[PDB]
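Colleague: The structure that follows is given in the form of structure tokens.
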Amino acid sequence: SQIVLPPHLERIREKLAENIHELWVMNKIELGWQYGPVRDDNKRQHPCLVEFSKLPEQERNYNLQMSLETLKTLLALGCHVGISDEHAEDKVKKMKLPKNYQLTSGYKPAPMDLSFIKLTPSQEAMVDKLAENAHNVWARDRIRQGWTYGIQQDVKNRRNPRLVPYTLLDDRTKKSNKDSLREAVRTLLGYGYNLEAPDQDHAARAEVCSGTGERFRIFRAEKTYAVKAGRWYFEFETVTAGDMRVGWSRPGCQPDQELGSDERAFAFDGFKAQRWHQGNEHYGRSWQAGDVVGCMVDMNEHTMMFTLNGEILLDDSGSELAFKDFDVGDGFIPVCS
Ligand SMILES: Nc1ncnc2c1ncn2[C@@H]1O[C@H](COP(=O)(O)OP(=O)(O)OP(=O)(O)O)[C@@H](O)[C@H]1O
């Protein structure tokens with residue numbers, strides 16, 4: 001709403017409106033519609049074909065204000081647009097189209113050709129957000145109208161399966177509205193209005209949006225199975241690849257604290273290729289999905305070793321010991337976060 005329209009867009013948006021309307025009825029001509037006083041599309045007749053003046057004026061202002069809304073959305077999404085040259089407005093180049101195949105209205109639709117114009121990948125990402133916003137507008141309007149999502153379409157109960165997020169929308173509708181708004185942007189460029197799409201802004205939510213404040217769950221064996229001497233081994237399998245830590249913990253490990261933050265646990269974070277005990281040090285490489293991590297402790301000479309898919313992991317130096325020396329204490333139990 002707060003978007004203000006620059007004077008040249010104010011000059012140009014009306015002719016964009018009726019030019020894309022003539023285009024738009026050319027699309028329904030491709031679909032096979034013909035002009036008729038009746039509204040029913042099933043009998044192939046629809047009065048949207050004729051020019052804007054003889055169009056139902058409520059459909060006319062609907063099309064006009066949706067054109068303005070689309071260009072204001074272009075403005076609001078941070079995509080600046082300039083004027084290429086006065087030649088783009090001076091020229092009125094036209095494709096020849098047979099009158100019988102064209103509409104009844106005298107004003108002949110076809111704009112400057114699509115082949116001459118080129119659409120950049122940034123420009124296509126732009127019309128992606130345009131289709132997103134158009135779908136949101138349609139959904140919000142029907143929601144104030146009272147319509148509600150339903151798997152089976154029901155006009156009587158105002159239930160429509162198309163009231164879904166655009167990422168979840170059906171590919172047919174996505175491609176249809178994508179191409180319509182794409183061709184609208186194509187005409188915008190054809191009138192010599194080069195819109196400079198801003199570069200994609202790198203924003204990562206980092207998966208942190210977990211349900212409730214629970215950030216990680218720690219799984220450990222019972223404190224009674226603590227080992228105080230000998231050689232021990234167990235395997236940890238990574239179904240996914242992500243923020244996990246595996247290793248050995250003392251009976252006093254706190255469930256709320258992360259493994260390796262304090263002295264109670266000795267862990268290996270392969271997601272960052274990071275070893276953890278009272279801090280983080282670089283050790284080993286990163287795992288992928290399906291990798292099996294072998295955790296070995298020798299509690300006679302107080303060493304710990306890790307293997308990823310069989311090969312022994314190494315720290316920055318050539319040493320194979322994740323933790324070279326540590327006290328016996330109360331023992332160690334397998335643990336994973
Ligand atoms: N004649 C038209 N006038 C205005 N918008 C139209 C017209 N035809 C299609 N649209 C737009 O394309 C969408 C496709 O609608 P659909 O294929 O169900 O046919 P429609 O009966 O013309 O639609 P609607 O009554 O919702 O405008 C519509 O929701 C609307 O946004």
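We name chains A, B, ... following the order of the structure tokens; residues begin at 1 in each chain, and ligands are numbered from 1 as shown.
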Once you count only C-alpha atoms and all ligand atoms, which residues end up within 9 Å of ligand 1, and could you hand them over as an NGL selection string?

Modeller: :A and (24-25 or 28 or 39-41 or 46-49 or 59-60 or 62-63 or 134-135 or 138 or 173 or 177)

Colleague: Kindly save the residues from that selection, with N, CA and C atoms included, as a PDB file, in the first residue's frame.

Modeller:
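This is the output file result36.pdb:
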ATOM      1  N   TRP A  24      -4.175 -11.584 -23.091  1.00  0.00           N
ATOM      2  CA  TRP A  24      -4.738 -12.508 -22.131  1.00  0.00           C
ATOM      3  C   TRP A  24      -5.891 -13.235 -22.814  1.00  0.00           C
ATOM      4  N   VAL A  25      -6.654 -12.462 -23.590  1.00  0.00           N
ATOM      5  CA  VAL A  25      -7.713 -13.026 -24.417  1.00  0.00           C
ATOM      6  C   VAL A  25      -7.132 -13.796 -25.592  1.00  0.00           C
ATOM      7  N   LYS A  28      -6.854 -17.081 -24.069  1.00  0.00           N
ATOM      8  CA  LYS A  28      -8.101 -17.851 -24.096  1.00  0.00           C
ATOM      9  C   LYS A  28      -8.479 -18.263 -25.520  1.00  0.00           C
ATOM     10  N   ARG A  39     -21.788 -16.442 -19.811  1.00  0.00           N
ATOM     11  CA  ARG A  39     -20.586 -16.511 -18.992  1.00  0.00           C
ATOM     12  C   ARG A  39     -20.005 -17.917 -18.908  1.00  0.00           C
ATOM     13  N   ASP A  40     -20.777 -18.938 -19.273  1.00  0.00           N
ATOM     14  CA  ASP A  40     -20.361 -20.313 -19.041  1.00  0.00           C
ATOM     15  C   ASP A  40     -19.248 -20.723 -19.999  1.00  0.00           C
ATOM     16  N   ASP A  41     -18.109 -21.119 -19.427  1.00  0.00           N
ATOM     17  CA  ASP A  41     -16.963 -21.525 -20.232  1.00  0.00           C
ATOM     18  C   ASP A  41     -17.160 -22.905 -20.851  1.00  0.00           C
ATOM     19  N   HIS A  46     -17.390 -16.888 -23.668  1.00  0.00           N
ATOM     20  CA  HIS A  46     -17.080 -16.038 -22.530  1.00  0.00           C
ATOM     21  C   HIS A  46     -16.899 -14.613 -23.041  1.00  0.00           C
ATOM     22  N   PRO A  47     -17.508 -13.620 -22.388  1.00  0.00           N
ATOM     23  CA  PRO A  47     -17.425 -12.239 -22.881  1.00  0.00           C
ATOM     24  C   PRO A  47     -16.144 -11.513 -22.506  1.00  0.00           C
ATOM     25  N   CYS A  48     -15.208 -12.169 -21.822  1.00  0.00           N
ATOM     26  CA  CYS A  48     -13.922 -11.553 -21.523  1.00  0.00           C
ATOM     27  C   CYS A  48     -13.086 -11.314 -22.771  1.00  0.00           C
ATOM     28  N   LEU A  49     -13.441 -11.954 -23.888  1.00  0.00           N
ATOM     29  CA  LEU A  49     -12.709 -11.821 -25.141  1.00  0.00           C
ATOM     30  C   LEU A  49     -12.636 -10.385 -25.638  1.00  0.00           C
ATOM     31  N   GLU A  59     -14.835  -6.559 -14.422  1.00  0.00           N
ATOM     32  CA  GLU A  59     -13.653  -7.310 -14.833  1.00  0.00           C
ATOM     33  C   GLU A  59     -12.562  -6.370 -15.326  1.00  0.00           C
ATOM     34  N   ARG A  60     -12.957  -5.262 -15.958  1.00  0.00           N
ATOM     35  CA  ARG A  60     -11.978  -4.299 -16.455  1.00  0.00           C
ATOM     36  C   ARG A  60     -11.166  -3.702 -15.314  1.00  0.00           C
ATOM     37  N   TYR A  62     -10.939  -4.885 -12.296  1.00  0.00           N
ATOM     38  CA  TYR A  62     -10.201  -5.987 -11.687  1.00  0.00           C
ATOM     39  C   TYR A  62      -8.857  -6.184 -12.374  1.00  0.00           C
ATOM     40  N   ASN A  63      -8.864  -6.263 -13.706  1.00  0.00           N
ATOM     41  CA  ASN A  63      -7.625  -6.445 -14.456  1.00  0.00           C
ATOM     42  C   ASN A  63      -6.695  -5.251 -14.276  1.00  0.00           C
ATOM     43  N   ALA A 134       1.032 -13.699  -6.286  1.00  0.00           N
ATOM     44  CA  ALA A 134      -0.285 -13.792  -6.911  1.00  0.00           C
ATOM     45  C   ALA A 134      -1.112 -14.901  -6.279  1.00  0.00           C
ATOM     46  N   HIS A 135      -0.490 -16.055  -6.035  1.00  0.00           N
ATOM     47  CA  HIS A 135      -1.196 -17.143  -5.372  1.00  0.00           C
ATOM     48  C   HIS A 135      -1.617 -16.739  -3.969  1.00  0.00           C
ATOM     49  N   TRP A 138      -4.688 -14.486  -4.267  1.00  0.00           N
ATOM     50  CA  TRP A 138      -5.901 -15.243  -4.551  1.00  0.00           C
ATOM     51  C   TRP A 138      -6.394 -15.975  -3.308  1.00  0.00           C
ATOM     52  N   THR A 173      -1.102 -25.885 -12.087  1.00  0.00           N
ATOM     53  CA  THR A 173      -1.455 -24.506 -11.777  1.00  0.00           C
ATOM     54  C   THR A 173      -0.208 -23.646 -11.630  1.00  0.00           C
ATOM     55  N   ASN A 177       0.133 -20.280 -14.037  1.00  0.00           N
ATOM     56  CA  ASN A 177       0.235 -18.900 -13.575  1.00  0.00           C
ATOM     57  C   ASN A 177       1.665 -18.388 -13.714  1.00  0.00           C
TER      58      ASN A 177
END

Colleague: Tell me, as number ranges by chain, which residues lie within 7 Å of residue 238 in chain A, counting only C-alpha atoms; anything in the same chain fewer than 4 positions away does not count.

Modeller: A: 289-292

Colleague: Go through A:224, A:249, A:84, A:34 one by one, measure the shortest atom-to-atom distance of each to residue 193 in chain A using only C-alpha atoms, and give the residue with the smallest value.

Modeller: A:84

Colleague: As an exercise, work out the distance from CA of residue 12 in chain A to CA of residue 183 in chain A in Å and give it to one decimal place.

Modeller: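 Straight-line distance from CA of residue 12 in chain A to CA of residue 183 in chain A works out to 16.7 Å.
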
Colleague: Out of range 157-254 of chain A, which residues get strand (DSSP E or B) from DSSP, as a PyMOL selection string?

Modeller: chain A and resi 159-160+195-196+219-220+227+231-237+246-249

Colleague: Please identify which residues in range 19-207 of chain A DSSP calls alpha helix (DSSP H) from the backbone, and express them as a PyMOL selection string.

Modeller: chain A and resi 19-31+57-76+86-90+121-145+171-190

Colleague: Excluding residue 66 in chain A and any residue of its chain fewer than 4 positions from it, enumerate the residues within 12 Å of it, using only C-alpha atoms, and give them as a list in words.

Modeller: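 Neighbouring residues, sequence-local ones excluded: residues 13, 14, 16, 17, 18, 20, 21, 59, 60, 61, 62, 70, 71, 72, 73, 130, 133, 134, 137, 138, 181 and 184 of chain A.
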
Colleague: Could you tell me which of A:332, A:283, A:33, A:191 comes closest to residue 102 in chain A if we count only C-alpha atoms?

Modeller: A:33

Colleague: Report as a count of residues only all protein, DNA and RNA residues lying within 10 Å of range 309-314 of chain A, evaluated on only C-alpha atoms, omitting residues in the same chain fewer than 2 positions from it.

Modeller: 23

Colleague: Which one is closest to residue 99 in chain A: A:192, A:209, A:280, A:29? Count only C-alpha atoms.

Modeller: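 When distances to residue 99 in chain A are compared using only C-alpha atoms, the smallest one comes from A:29.
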
Colleague: Extract, using only C-alpha atoms, all DNA, RNA and protein residues at most 10 Å from residue 174 in chain A, discarding same-chain residues fewer than 5 positions from it, and format them as a list in words.

Modeller: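 My list of contacting residues is residues 128, 131, 132, 135, 166, 167, 168, 169 and 179 of chain A.
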
Colleague: With only C-alpha atoms as the basis for distance, which of A:277, A:228, A:162, A:205 is at the shortest distance from residue 297 in chain A?

Modeller: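 For residue 297 in chain A, the nearest of the candidates is A:228.
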